[PDB]
Amino acid sequence: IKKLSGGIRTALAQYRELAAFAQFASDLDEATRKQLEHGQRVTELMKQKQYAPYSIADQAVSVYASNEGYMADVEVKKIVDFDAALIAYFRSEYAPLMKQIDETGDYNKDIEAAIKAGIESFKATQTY
Amino acid sequence: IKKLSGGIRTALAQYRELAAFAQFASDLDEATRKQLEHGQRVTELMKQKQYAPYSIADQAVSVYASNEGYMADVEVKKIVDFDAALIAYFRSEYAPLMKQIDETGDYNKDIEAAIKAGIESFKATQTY
Amino acid sequence: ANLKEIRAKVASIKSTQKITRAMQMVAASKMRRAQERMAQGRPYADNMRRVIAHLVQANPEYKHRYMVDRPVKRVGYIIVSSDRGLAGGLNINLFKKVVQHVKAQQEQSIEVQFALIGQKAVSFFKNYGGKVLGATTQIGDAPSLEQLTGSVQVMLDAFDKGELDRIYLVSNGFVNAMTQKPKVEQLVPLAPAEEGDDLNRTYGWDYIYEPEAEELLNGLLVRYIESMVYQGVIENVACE
Amino acid sequence: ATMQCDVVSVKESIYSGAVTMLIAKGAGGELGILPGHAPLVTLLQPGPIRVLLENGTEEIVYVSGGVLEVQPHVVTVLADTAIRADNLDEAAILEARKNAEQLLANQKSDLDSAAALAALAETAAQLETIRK
Amino acid sequence: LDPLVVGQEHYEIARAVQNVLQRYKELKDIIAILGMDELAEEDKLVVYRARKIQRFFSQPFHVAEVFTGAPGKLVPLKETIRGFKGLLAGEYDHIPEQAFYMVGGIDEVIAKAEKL
Amino acid sequence: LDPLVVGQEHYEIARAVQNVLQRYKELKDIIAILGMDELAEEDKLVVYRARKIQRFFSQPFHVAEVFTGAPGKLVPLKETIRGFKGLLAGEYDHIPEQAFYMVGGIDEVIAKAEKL
């Protein structure tokens with residue numbers, strides 16, 4: 001969690017900086033437009049309904065997907081539902097790993113390879 | 001009075017909204033120009049001297065002249081002079097009607113026709 | 001004097017300041033775009049001036065009327081200004097200079113006609129009065145020349161009858177990002193200067209044209225005038 | 001033998017390339033100009049240009065009217081109306097770009113009106129109410 | 001107005017209506033000095049839907065005996081929900097706006113539109 | 001101050017003066033935030049007239065020679081009325097606003113304006 005929260009924090013700060021450009025037409029140098037898109041999607045990621053506590057493992061998976069930008073392609077208006085779908089697939093297909101991430105919290109480099117491979121598989125095969 | 005007050009009420013209400021954009025007349029469509037003009041004319045007819053009470057007929061004639069667009073040709077100034085001259089002329093020549101309006105306070109097609117005829121007669125062949 | 005009134009005022013001013021700063025950044029970004037566009041046809045008009053220099057070089061015996069002045073009369077002023085407000089004093093300064101120079105001819109009583117491109121220009125000229133023979137609006141940040149060909153075309157057609165004497169063009173000059181000048185110039189007569197290129201090393205054989213060079217310059221001349229007016233209006237847009 | 005070709009429009013550049021030979025169709029029928037031919041200035045027509053090179057790509061640029069000066073030193077063309085679109089009657093994209101520019105003009109006018117008037121009048125009229 | 005107590009459909013339709021109203025409020029035709037001719041079907045349709053919903057807010061009542069024959073219309077909750085769903089979906093974009101005023105029910109308004 | 005007690009011209013002059021000054025005081029805010037070029041030309045004229053009026057109300061005194069070293073002055077009422085009527089008419093617009101300070105009577109102002 002400590003190694004993954006920096007990206008979300010800095011993205012939110014950058015988005016908070018570029019505020020009024022949201023109301024105005026966003027046409028601008030790419031960098032600003034890309035920052036605006038990423039800020040919109042990251043603030044959309046924070047939505048969460050009531051009485052549904054997310055675990056550490058799915059939290060890490062979601063934050064890693066956000067930081068790596070696997071959710072850039074998906075339309076913003078459909079992000080949150082997509083989010084849930086991903087967790088579901090990951091929850092059942094890659095369940096043995098989730099017993100380890102939750103119980104230990106270690107970030108041995110391998111945990112990253114498995115998460116990335118699962119994310120690639122879900123993006124390639126399943127549909128939201 | 002109940003039949004006639006509505007037009008001035010709605011004109012004054014609308015003129016309250018376009019107030020902020022008053023130092024900037026050039027940047028607006030013709031509709032707002034006409035609305036602002038009408039609001040100015042109406043707010044200038046509501047000025048009266050002390051110890052000079054008007055009678056029901058005076059108010060009726062003035063409001064009918066305003067609502068029916070009979071003061072669209074007069075500049076924003078001289079409105080008070082036009083009001084005074086019309087009221088004075090109507091008391092002198094159409095006194096029998098004025099008495100009926102004062103005593104009864106009724107509205108009917110005959111009264112509308114008579115008021116229209118009198119206002120049209122005064123509009124020409126007279127000075128303010 | 002109520003505390004809530006002051007709180008509302010300060011909140012509103014904070015929001016307004018933020019949006020105005022954002023608009024300043026937007027305007028800063030837009031500034032260069034036009035600077036670049038000017039640099040694009042700048043060589044065009046430069047090579048175009050090199051062309052017009054070659055054009056005047058042609059038909060040595062023949063003389064076009066665009067290079068002489070008739071009795072000074074029928075002055076025509078073309079005005080280019082913003083379609084929106086909040087351009088600082090540029091619009092009001094240009095219009096003040098316009099009216100002051102209008103007194104000049106008005107001083108010797110020279111008849112004054114004007115054409116306008118800006119919306120504030122049309123508002124000012126309607127409030128002042130007079131009759132306008134050409135009025136345009138909503139030209140755009142990068143207007144196609146066709147958007148503006150009509151005004152110059154009708155003006156030149158009117159001058160072709162000899163009724164007018166010459167046209168006194170008005171526009172703003174952009175010196176640096178912080179400095180502009182309301183400038184007034186004259187365009188109808190043309191005089192070459194420092195165009196000695198291709199003259200000290202000119203070919204001995206006479207340039208013979210398969211097309212008739214007698215009329216070849218004519219279209220280029222009108223091409224020259226439309227190019228220069230387009231350059232002026234785009235320069236004014238960039239300065240705005 | 002390749003030939004350079006610098007020819008641009010008033011608004012912006014049009015084309016520049018290493019074209020070995022050209023056959024101007026604007027004037028004098030199909031007048032062939034080759035590296036070493038005498039310089040000439042002619043008058044175009046509302047028809048596409050003809051130029052060919054070693055790469056063999058057919059750079060066909062339709063131009064309506066305009067003049068041209070051609071020489072082994074330089075090849076120039078006044079591009080009043082002209083697009084690099086391959087064949088005549090290909091302006092649909094050009095029309096789309098014009099519509100996009102008009103849309104951008106509408107959006108920028110919207111932003112200008114909103115920001116310049118609404119907020120400033122709101123705060124000024126708010127400030128019009130005296131602080132104390 | 002929790003999603004669970006009122007139903008997901010009711011929650012989402014109420015949120016959509018609130019968003020449309022707020023969008024029209026921020027985009028007034030006086031807020032945009034140019035007035036109309038902007039955001040065609042992007043914010044125009046928003047304006048028209050706001051007008052239609054505003055008129056549909058009007059409800060005749062029994063007590064107001066003027067112009068009304070003791071109507072006492074207690075409209076079924078569903079009918080209102082289905083009418084607003086139809087309005088949001090856009091199937092009523094052809095219905096005249098003035099037909100939506102002084103309406104007892106979505107059927108009532110259908111009859112009022114179809115007569116003239 | 002009512003038309004019967006003082007007359008008509010007195011009342012009209014006083015009312016016009018107060019109106020102009022109120023207009024300028026109201027206008028001050030947008031000038032404070034935005035600037036001068038944006039206002040309408042009539043509002044610029046109102047600004048200049050208000051400044052000149054505010055200065056013309058100044059006057060040296062008899063018991064205040066010591067402070068300023070300038071002799072006292074006295075102005076008849078009709079001269080005040082004439083000066084303010086002329087000022088509001090628009091005939092003293094070209095006279096610089098620096099000539100209206102600490103001088104009594106419209107004429108002394110003409111002399112001071114020439115002196116500058």
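The scheme used for residues numbers each chain from 1 in its written sequence order. That scheme is not guaranteed to match the entry numbering, and residues without coordinates are omitted from view. A letter from A marks each chain and a number from 1 marks each ligand, given out in the order of writing. Every figure given here refers to the displayed chains, which form just one part of a larger assembly. Here the side-chain values reflect all heavy atoms present in the structure, with hydrogen atoms and water set aside.

Method-wise, the PDB entry is recorded as coming from cryo-EM, at a reported resolution of 3.18 Å.

**Digging into the environment of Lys63(C)**
As a reminder of what qualifies: Each helix corresponds to a stretch of at least 4 residues labelled H or I by DSSP, and each strand to a stretch of at least 2 residues labelled E; elements are numbered beginning at the N terminus.
Position of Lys63(C) among the secondary structure elements: in the loop between α1 (3–57) and β1 (75–79). Between the alpha carbons of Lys63(C) and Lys18(C) there is a distance of 61 Å; along the sequence they are 45 residues apart.

**Things to note about empty space enclosed by the protein**
This is how it is decided: Cavities and pockets are defined on a 1 Å grid built over the protein atoms alone: a cavity is a set of grid points where a 1.4 Å probe fits but cannot escape, while a pocket is an open set with protein on both sides within 12 Å along at least five of seven lines, and lining residues are those with an atom within 4 Å of any such point. Grid points are joined across faces, edges and corners, and a volume is the space filled by probe spheres set on the points. Three classes are used, and their members are as follows: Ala, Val, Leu, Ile, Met, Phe, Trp, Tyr, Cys and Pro are nonpolar, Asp, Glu, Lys and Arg are charged, and the others, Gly among them, are polar.
According to the stated counting rule, one finds 12 cavities of 30 Å³ or more in the structure shown. Forming the walls of the largest cavity are 31 residues, and the residues nearest its centre are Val152(C), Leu156(C), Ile167(C), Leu187(C) and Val229(C). Broken down by element, the residue count for the lining of the largest cavity peaks at seven residues, all from helix α4 (residues 145–160) of chain C. Looking at the lining of the largest cavity residue by residue, the classes come out as 25 nonpolar, six polar and no charged. Of the volumes computed, that of the second largest cavity is approximately 270 Å³. What lines the second largest cavity is a set of 20 residues, and nearest its centre among them are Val7(D), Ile49(D), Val51(D), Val75(D) and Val77(D). Every element with two or more residues in the lining of the second largest cavity is listed here: β1 (3–8), β2 (13–19), β3 (21–24), β9 (67–70) and β10 (75–77) of chain D. Taken together, the residues of the lining of the second largest cavity sort by class into 18 nonpolar, one polar and one charged.

**Things to note about the sheet that holds strand β3 (residues 166–176) of chain C**
Consider a sheet: its strands pair through backbone hydrogen bonds, and that pairing is either parallel or antiparallel. All names here are of chain C. Spelled out, the test is: Only when DSSP finds a minimum of two bridges between them are two strands counted as paired. Lines fitted to C-alpha atoms define the axes here, with helix axes fitted over just the stretch in contact, and angles between the N-to-C directions of these axes take values from 0 to 180 degrees.
Taken in spatial order, the four strands line up as β2-β1-β3-β4 in an open sheet, and their pairing is mixed. Edge positions in the sheet fall to β2 (112–116) and β4 (179–184), since each has one partner strand and no second. Direction aside, neighbouring strands of the sheet carry axes that sit 20° apart on average. Pairing analysis gives five bridges linking β1 to β2, with the strands arranged parallel.

**Thoughts on the pairing of β3(C)**
Residues and elements named next belong to chain C. Pairing of β1 with β3, which is carried by four bridges, proceeds in the parallel orientation. Across the sheet, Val75 pairs through a bridge with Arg166, a residue of β3. Relative to β4, β3 is paired through six bridges, and the arrangement is antiparallel. Paired with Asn172 across the strands is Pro182, a residue of β4. In this structure, the hairpin formed by β3 and β4 is closed by a connection of two residues.

**Brief notes about the domain arrangement of chain C**
Residues and elements named next belong to chain C. In plain terms, the rule: Throughout, the edges of the domains are those of an automatic or database domain assignment. Reported buried area values correspond to the accessible surface (1.4 Å probe) lost by two parts on association, with both partners' losses combined. We define a salt bridge as a contact between a side-chain nitrogen of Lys or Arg and a carboxyl oxygen of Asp or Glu at a distance within 4 Å. Counting of polar contacts relies on pairs of N or O atoms within 3.5 Å, with two restrictions inside protein: one atom must be capable of donating a hydrogen and the other of accepting it, and residues adjacent in sequence are counted only when both atoms are side-chain atoms.
The domains assigned to chain C are domain 1 (1–59 + 208–240) and domain 2 (60–207). Relative to domain 2, the C-alpha centre of domain 1 lies at a distance of 15 Å. Counting the surface lost from both domain 1 and domain 2, the interface buries some 2900 Å², and carbon and sulfur atoms represent 70% of this. Looking at the side of domain 1 facing domain 2, the largest losses of area belong to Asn59, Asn236 and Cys239, adding up to 18% of the total buried there. Our count for the contact surface shared by domain 1 and domain 2 stands at two salt bridges. A salt bridge links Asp141 to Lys30; the shortest N-O distance between them is 3.7 Å. Across the domain 1-domain 2 interface, the total number found is eight residue pairs in polar contact. Put simply, the parts of the chain that give the side of domain 1 that touches domain 2 at least two residues each are α1 and α5 (213–239). When grouped by side-chain class, the residues that make up the side of domain 1 that touches domain 2 number 17 nonpolar, five polar and eight charged.

**As for the interface of chain D and chain B**
To keep things clear, this is the line we draw: Contact criterion: two residues are considered in contact whenever any of their non-hydrogen atoms come within 4.5 Å of each other.
Opposite the four residues of chain D that make contact, chain B presents four residues. Carbon and sulfur atoms supply 82% of the area buried between chain D and chain B, which totals about 310 Å² over both sides. On inspection of chain D and its partner chain B, the count reaches zero salt bridges. Class assignment of the residues belonging to the side of chain D that touches chain B gives a composition of four nonpolar, no polar and no charged.

**Some words on the interface of chain C and chain D**
Listed as interface residues are 38 residues of chain C and, on the opposing side, 36 residues of chain D. Here chain C packs against chain D, burying approximately 3100 Å² in sum over the two surfaces, 62% of which is carbon and sulfur. Broken down residue by residue, the surface that chain C buries against chain D is led by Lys9(C), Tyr44(C) and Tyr207(C), which jointly contribute 20%. The tally of links from chain C across to chain D stands at three salt bridges. Among the ionic pairs, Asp141(C) bridges to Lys108(D), the shortest N-O distance being 3.6 Å. At the surface where chain C touches chain D, the tally comes to eight residue pairs in polar contact. For the side of chain C that touches chain D, the secondary-structure elements that each account for two or more residues are α1, α4 and α5 of chain C. Here the residues of the side of chain C that touches chain D are counted per class, giving 20 nonpolar, eight polar and 10 charged.

**Quick notes on the sheet that holds strand β7 (residues 51–52) of chain D**
All names here are of chain D. Judged by pairing direction, the sheet is antiparallel, and its three strands sit side by side in the order β4-β3-β7 without closing on themselves. Here the strands that pair on one side only, and so sit at the sheet edges, are β4 (31–33) and β7. Here β3 pairs with β7 via two bridges, running antiparallel. Looking at the pairing, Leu22 lines up with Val51 of β7.

**Considering the packing of helix α3 (residues 56–67) of chain B against helix α4 (residues 79–93) of chain B**
Residue and element names in this part refer to chain B. Which entries qualify depends on this criterion: Roughly parallel here means an angle under 35 degrees, roughly antiparallel means over 145, roughly perpendicular means 65 to 115, and every remaining angle is called oblique. Less than a right angle of anticlockwise turn of the near helix away from the far helix marks a crossing as left-handed, whereas a clockwise turn marks it as right-handed.
Where α3 contacts α4, the two axes come as close as 10 Å, and the packing angle between them is 125°. Viewed along their axes, α3 and α4 adopt a mutual orientation that is oblique. Between α3 and α4 the crossing geometry is right-handed. Seen from α3, the contacting residues are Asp58, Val61, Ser62 and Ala65; seen from α4, they are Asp83, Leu86, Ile87, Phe90 and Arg91. Tallied by class, the residues present in the contact of α3 with α4 amount to five nonpolar, one polar and three charged.

**A look at the side chain of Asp27(B)**
Operational definition: Per-residue accessibility, obtained with a 1.4 Å probe over protein chains only, is compared with the maximum for each type, and a residue is labelled buried under 20%, exposed over 50%, and partly exposed between these values. Here the positive residues are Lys and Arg and the negative ones are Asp and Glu; neither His nor the chain ends is included.
Mapping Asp27(B) onto the fold places it in the loop between α1 (5–17) and α2 (30–45). Buried and without a salt bridge, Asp27(B) has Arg84(C) as its closest oppositely charged side chain, separated by 5.5 Å. Residues contacting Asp27(B), with those up to four places away along its chain left out, are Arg33(B), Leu117(D) and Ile33(E).

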